[PDB]
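Each residue of the sequence shown is one higher than the one before, starting from 5 at the first, in the authors' numbering.
Some notes on the structure that comes next.
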Amino acid sequence: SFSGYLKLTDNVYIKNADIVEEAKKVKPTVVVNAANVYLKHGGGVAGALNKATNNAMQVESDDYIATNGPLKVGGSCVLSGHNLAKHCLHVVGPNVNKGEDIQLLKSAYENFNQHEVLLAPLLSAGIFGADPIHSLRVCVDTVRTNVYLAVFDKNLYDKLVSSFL
Ligand SMILES: O=C(O)Cn1cc(Br)cn1
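Pasting the structure below:
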């Protein structure tokens, strides 16, 4: 069970935490990965979660891509959570650094509604280049299931809490 989270709404919770460390502690049913369409877990949250699985997430993801092809921006797939969670929900938020449509962020968060409870990062934040304040707004206005957000950066966490409407 999740501890130390600030409650933002009926169903959205937030904590300044490293999502890999949080996943190892909680062992949630679902950990969300900040995936790209190719499931190439190189950096940000994806690189960190993959390294914590000793690259097993990448090996499983390469088999998934070989069979199914790439995901869509805004889409997701459920794969194993390995040593971190029961499942990993790989969600592709739009990457502003690839010129992707920020309007797809709501579609990306809709994937969370297929899971009653999730440990997640803010979609499209960090190396995906979107405004994290707007990502949190889309999260609370889209996700209806119980989402526990892990914000890696303390300054960003404090700014997200202090500016939350
Ligand atoms: O804090 C987050 O979860 C997203 N992020 C912002 C920076 Br700076 C580094 N990562």
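Here a beta-carbon is modelled for each residue, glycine too, at the ideal position from N, C-alpha and C.
Shortest alpha-carbon distance to residue i belongs to which of the options?
| i | options | result |
| --- | --- | --- |
| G103 | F132, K11 and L93 | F132 |
| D162 | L12, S5 and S7 | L12 |
| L169 | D145, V49, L160 and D157 | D145 |
| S139 | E26, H45, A38 and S7 | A38 |
| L164 | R148, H91 and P125 | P125 |
| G8 | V30, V24 and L83 | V30 |
| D22 | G47, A52, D105 and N40 | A52 |
| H86 | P136, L160 and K55 | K55 |
| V24 | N58, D14, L75 and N117 | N58 |
| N15 | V155, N117 and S166 | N117 |
Here's a check: name, in chain order, each residue in its chain whose Cβ is nearer than 7 Å to the Cβ of residue i, leaving out the five neighbours to either side.
| i | result |
| --- | --- |
| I69 | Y42 and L43 |
| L108 | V77, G78 and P98 |
| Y113 | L127, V142, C143, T146 and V147 |
| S84 | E64, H91 and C92 |
| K158 | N20 |
| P136 | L126, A129, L160 and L164 |
| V82 | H91 and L93 |
Could you check whether the Cβ of residue i sits closer than 8 Å to any heavy atom belonging to ligand 1?
| i | result |
| --- | --- |
| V155 | yes |
| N37 | no |
| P98 | no |
| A27 | no |
| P74 | no |
| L160 | yes |
| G48 | yes |
| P32 | no |
| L12 | no |
| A89 | no |
| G85 | no |
| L126 | yes |
| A112 | no |
| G133 | no |
Below 6 Å CB to CB, which residues in the same chain sit around residue i once its five sequence neighbours on both sides are set aside?
| i | result |
| --- | --- |
| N115 | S80 and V95 |
| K110 | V142 and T146 |
| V100 | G133 and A134 |
| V36 | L93, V95, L122 and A124 |
Near residue i, what residues of its chain come up, given a Cβ to Cβ distance below 8 Å and the 5 sequence neighbours on each side ignored?
| i | result |
| --- | --- |
| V121 | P32, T33, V34, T149, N150, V151 and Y152 |
| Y17 | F6, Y9, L10, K11, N150, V151, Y152 and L153 |
| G47 | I131 |
| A27 | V35, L53, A56, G85, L88, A89 and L123 |
Unbroken stretches of the beta strand (DSSP E), 3 residues or longer, contained in the segment 70-146: 80-84, 91-95 and 121-124
Whole alpha helix (DSSP H) runs in the segment 17-46 with 4 or more residues, listed along the chain? 23-30
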